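Here, each number is a calculation from the coordinates, and none is a lab measurement. For neighbour counting, all protein chains shown are included, and Cβ atoms are generated from backbone atoms with ideal geometry for every residue, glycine included.
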Amino acid sequence: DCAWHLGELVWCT
Amino acid sequence: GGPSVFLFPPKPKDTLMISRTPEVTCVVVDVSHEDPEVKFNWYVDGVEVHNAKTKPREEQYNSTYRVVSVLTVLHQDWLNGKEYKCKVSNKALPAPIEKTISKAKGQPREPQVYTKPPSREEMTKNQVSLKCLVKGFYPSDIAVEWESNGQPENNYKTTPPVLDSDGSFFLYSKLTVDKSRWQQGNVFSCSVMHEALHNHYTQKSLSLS
Amino acid sequence: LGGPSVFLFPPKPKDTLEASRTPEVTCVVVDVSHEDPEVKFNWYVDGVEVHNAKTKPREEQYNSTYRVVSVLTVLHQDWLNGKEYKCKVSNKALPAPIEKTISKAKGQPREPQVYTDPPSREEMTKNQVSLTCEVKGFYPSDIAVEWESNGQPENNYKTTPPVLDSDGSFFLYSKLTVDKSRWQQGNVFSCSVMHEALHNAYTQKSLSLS
Ligand SMILES: *[C@@H]1O[C@H](CO[C@H]2O[C@@H](C)[C@@H](O)[C@@H](O)[C@@H]2O)[C@@H](O[C@@H]2O[C@H](CO)[C@@H](O[C@@H]3O[C@H](CO[C@H]4O[C@H](CO)[C@@H](O)[C@H](O)[C@@H]4O[C@@H]4O[C@H](CO)[C@@H](O[C@@H]5O[C@H](CO)[C@H](O)[C@H](O)[C@H]5O)[C@H](O)[C@H]4NC(C)=O)[C@@H](O)[C@H](O[C@H]4O[C@H](CO)[C@@H](O)[C@H](O)[C@@H]4O)[C@@H]3O)[C@H](O)[C@H]2NC(C)=O)[C@H](O)[C@H]1NC(C)=O
Ligand SMILES: *[C@@H]1O[C@H](CO[C@H]2O[C@@H](C)[C@@H](O)[C@@H](O)[C@@H]2O)[C@@H](O[C@@H]2O[C@H](CO)[C@@H](O[C@@H]3O[C@H](CO[C@H]4O[C@H](CO)[C@@H](O)[C@H](O)[C@@H]4O[C@@H]4O[C@H](CO)[C@@H](O[C@@H]5O[C@H](CO)[C@H](O)[C@H](O)[C@H]5O)[C@H](O)[C@H]4NC(C)=O)[C@@H](O)[C@H](O[C@H]4O[C@H](CO)[C@@H](O)[C@H](O)[C@@H]4O)[C@@H]3O)[C@H](O)[C@H]2NC(C)=O)[C@H](O)[C@H]1NC(C)=O
C-alpha cells in the first residue's frame, strides 16, 4: 500500500 | 584567507518523499576574483560520477565569489548509507579539499508517536495547545507537520531533536489553535515522516471527548 | 595568532534564582600568548567601575596559548533588575582593549505555564513510560526544570532547550522516564520549575496514575 500527505505521494511498498 | 568548502546533505522530506528529488550541495566560499575557476570532482562510495551541475556563480559583495555544485542523489542510495565525496580544486589552494557526507550511521529506529490533549486548566485561555510526542527514533532526520480536514495547520512550533539516554532521539511539536475550534470537535492530526516508519509515514489524530 | 579573544558569560539560571547560590559573571580570555601573558581586567557595573573581582588560576592550553579568566560575583537583585556588566580586557597583543557587555535579556518578564501529561494507554505495554512536563509562555529564556518523587530527585529525564514561540515568549518540554511498575503503583511524580516570574521563583506540578 501507499502513504499520502495532503495529496502528495510519500512512499509505497 | 583561502577558499573553504561546505558539503550539505539533502532535506529529510526530499529523501523521505518519493514525489521529491533529494540532492547534496557542495558549497565553496571565499573564492577570489583573481582565480574564480573551481574544479569539482564527485564520488559515490569512491566511484566518480559526472552528472553534477554547477549553480550560477555569485558575488558576496565582500570581494569574494560563491561557487556551488549540486549532485542529484537517489532516494535509496542515500537511505542505504552511501557516502558522497566532494573534491574541490582551486589554484589559490595549496591542496584540493575533500569533504565527505552520508546519512548518519547506525540502525534506523522507528519513532513512537503519541498525542496529548490540552489540560483542562488550559481551557480557561483563548487558545489551547495540542502536543505531539515523537520519541525513540534514529537517525535525527525527521519531518513533523500538522493538519486538519485535509488542510495544513501552520500555527505550530517544534523543538529540535534531543539525544535520549538510549541513543535515540525525541522531540515535541506544539500546535496552538483557537479554543473554539477544539470545543467544536474538530479533529487535528500530527504527521510524522521518518525512514524507519512504514512507507516513511505515520499520522496520529486527536479530538475532544 | 592575531591576538587574544574574549568571551563574557552569564551566571547559571539556577544560581540567580536560588538564594542559597551565588551567581557569577565570567570573563574568559583565550589565545593569550606566552610572550605577553599579562592581562589587565577592568570591571564595570552600569558604567561604574568595581574592584571586587577575582582572577582564576592561569591554565596552559598546550596549544602555545594561556587561558585567563576573571570572575565577578553579582547580586541576585542587581542581575534581575537588569544591570549592565562590562568586562574590559587589555593586553600587549591587542591593538586596543576589548570590551564585552552582558546582562539579563531585556523585555517584560512573563510567567511560565506548567502542565503535566501522563503516559498514553499504548505506553502501558512498554517496560518504561514517559511523563511530560510542559513549560510555556515564559520570558526570559533563563529557566531550570527538575523532577522529583517522595522528596527525592528523579534523574532519568531529558529536557529540550527553550524554543522561541510565536508570541515572543519561550517554551520547552521535559520528559521523565520511569519504570512501568513504579507508575502503576500510584506513585506521585513532581515537575519543579524555577523562573523569576514565578511566585518565589518556583512552582511544582505533580501527577500520578489516574
Ligand atoms: C563573504 O560573505 C559570505 C556570505 O555572505 C555572507 O555575506 C555577508 C555580507 C552576509 O550577507 C552574510 O549573511 C552572508 O552569509 C561568507 O560566506 C560564509 O562563510 C561562513 C564561514 O566562512 C559560512 O559559515 C558556515 O555555515 C555553515 C552552514 O551554512 C548554512 O548556514 C549558514 C548560516 O546561516 C548560511 O549562511 C549558509 O548559506 C548555509 O545555509 C544553508 O545552506 C544549505 C546548503 O549547504 C541549504 O540546504 C540545501 O538547501 C537547498 C534548498 O535551498 C536544497 O534543499 C539542498 O538539498 C540543501 O543541501 C540550506 O537551505 C541553507 N539554510 C538556510 C536557512 O539558508 C556552517 O555549517 C559552518 O559551521 C561549520 O564550520 C565552522 C567553521 O567555519 C565550525 O566552527 C562549525 O563547527 C561547523 O563545522 C559555518 O558556520 C557561511 O555559511 C557562508 N555564507 C554563505 C551565504 O555561504 C564569506 O565568508 C564572506 N567572506 C569574508 C567575510 O571574507
Ligand atoms: C587553544 O585551546 C583553547 C581551549 O582548549 C581547547 O583545546 C583543544 C585541544 C580542544 O580540547 C578544545 O575543545 C578546547 O577548548 C582554545 O580556546 C577556545 O577558543 C574558541 C574560539 O577561538 C572558543 O570558542 C567559543 O566558545 C564560546 C562558548 O564557549 C563555551 O563552550 C565551550 C564548548 O562548547 C567551552 O569550551 C568554553 O569553556 C565555554 O564554556 C563555558 O564556560 C563558562 C566559563 O567557565 C561557563 O560559565 C560559568 O560557569 C561557572 C561554573 O563552571 C559558573 O556557572 C559561572 O556562573 C558561569 O559564568 C559556561 O557554563 C561554560 N559552558 C560550557 C558549554 O561548558 C562560543 O560562544 C563562541 O561562539 C561565539 O563566538 C564566536 C566567535 O569566537 C562567534 O562566531 C559565535 O557566533 C559565538 O558568539 C566560540 O565558539 C572556545 O570556547 C575556547 N575554549 C576554551 C576552553 O576556552 C583556543 O582557541 C586554542 N587556540 C589555538 C590557537 O588553537
note = Farthest towards the positive end of the dipole of the range B:103-208, among B:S180, B:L163, B:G150 and with Cβ unit charges of +1 on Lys and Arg and -1 on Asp and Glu, lies the Cα of B:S180
key: 13 Å beta-carbon shell around B:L163, net charge (K/R +1, D/E -1)   = +2
query = Nearest 20 debye, what's the magnitude of the dipole of the protein assembly as shown about its Cα centre given +1 on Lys and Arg Cβ and -1 on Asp and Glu Cβ?
reply = 400
query = So for B:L130, C:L80, fewest C-beta neighbours within 10 Å to most, what's the order?
reply = C:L80, B:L130
note = Residues other than C:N200 with Cβ under 13 Å of its Cβ, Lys/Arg counted +1 and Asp/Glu -1, net out at -3
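Could you work out the relative contact order of the range B:103-208, using alpha carbon pairs under 8 angstrom and six or more residues apart, expressed as a whole percent?
Once normalised by length, the contact order is 31 percent.
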inquiry  = On the principal axes of its Cα set, how long, how wide and how thick is the range B:85-126? Give whole Å, largest value first.
reply    = 67, 31, 9
inquiry  = Based only on other Cβ atoms within 10 Å, what is the fewest-to-most ordering of B:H194, C:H199, A:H5?
reply    = C:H199, A:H5, B:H194
ask   = Among B:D178, B:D141, B:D14, which one moves the most in a GNM of chain B with springs linking Cα atoms closer than 10 Å?
value = B:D178
request  = Kindly identify the range C:114-154 as rounded, prolate or oblate by the Cα gyration tensor criterion: order the square roots of the eigenvalues as a ≥ b ≥ c, call it rounded if a/c is under 1.5, otherwise compare a/b with b/c, prolate if a/b is larger, else oblate.
outcome  = oblate
remark   = In debye to the nearest 20, the charge dipole size for the range B:3-102, taken about the Cα centre with +1 at each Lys and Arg Cβ and -1 at each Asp and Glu Cβ, equals 240
remark   = Given the candidates B:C26, B:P12, B:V88, the one whose Cα lies deepest towards the positive end of the charge dipole of the range B:3-102, counting +1 at each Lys or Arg C-beta and -1 at each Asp or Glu C-beta, is B:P12
message = Could you tell me the relative contact order of chain B? Use alpha-carbon pairs under 8 Å, at least six residues apart, and round to a whole percent.
response = 17
query = Among the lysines in the range C:104-210, how many pairs, 8 or more places apart or on different chains, have alpha carbons under 14 Å apart?
reply = 4
note = All alpha-carbon distances of the range B:103-208, grouped into 10 Å bins from 0, give the whole-percent distribution 15, 46, 27, 11, 1
key: Residue-count net charge about B:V88 - beta-carbon cut-off 12 Å; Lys, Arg +1, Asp, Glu -1   = +2
note = Note on the range B:3-102: contact order normalised by length, alpha-carbon pairs under 8 Å, 6 or more apart, percent, works out to 33
key: Where the Cα pairs of chain B fall when distances are cut into 10 Å bins, in %   = 8, 27, 23, 20, 14, 6, 1
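To the nearest 20 debye, what is the magnitude of the charge dipole of chain B about its Cα centre, counting +1 on the Cβ of each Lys and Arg and -1 on the Cβ of each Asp and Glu? Walk me through the intermediate numbers first.
Values: 26 positive and 24 negative charges, 106 e Å.
Using Cβ point charges on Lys, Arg, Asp and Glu, chain B gives about 500 debye.
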task = Would you order B:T115, C:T22 from fewest to most other beta-carbon atoms within 10 Å of each residue's own beta-carbon?
result = C:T22, B:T115
message = Pick from B:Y156, B:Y114, B:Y61 the residue whose mean-square fluctuation is largest in a GNM of chain B, springs joining Cα atoms under 10 Å.
response = B:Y61
key: Sum of -39500 (n - 2.57) over DSSP H runs of 4+, divided by residues of chain C (222 nm, nearest 500)   = -1500 deg cm²/dmol
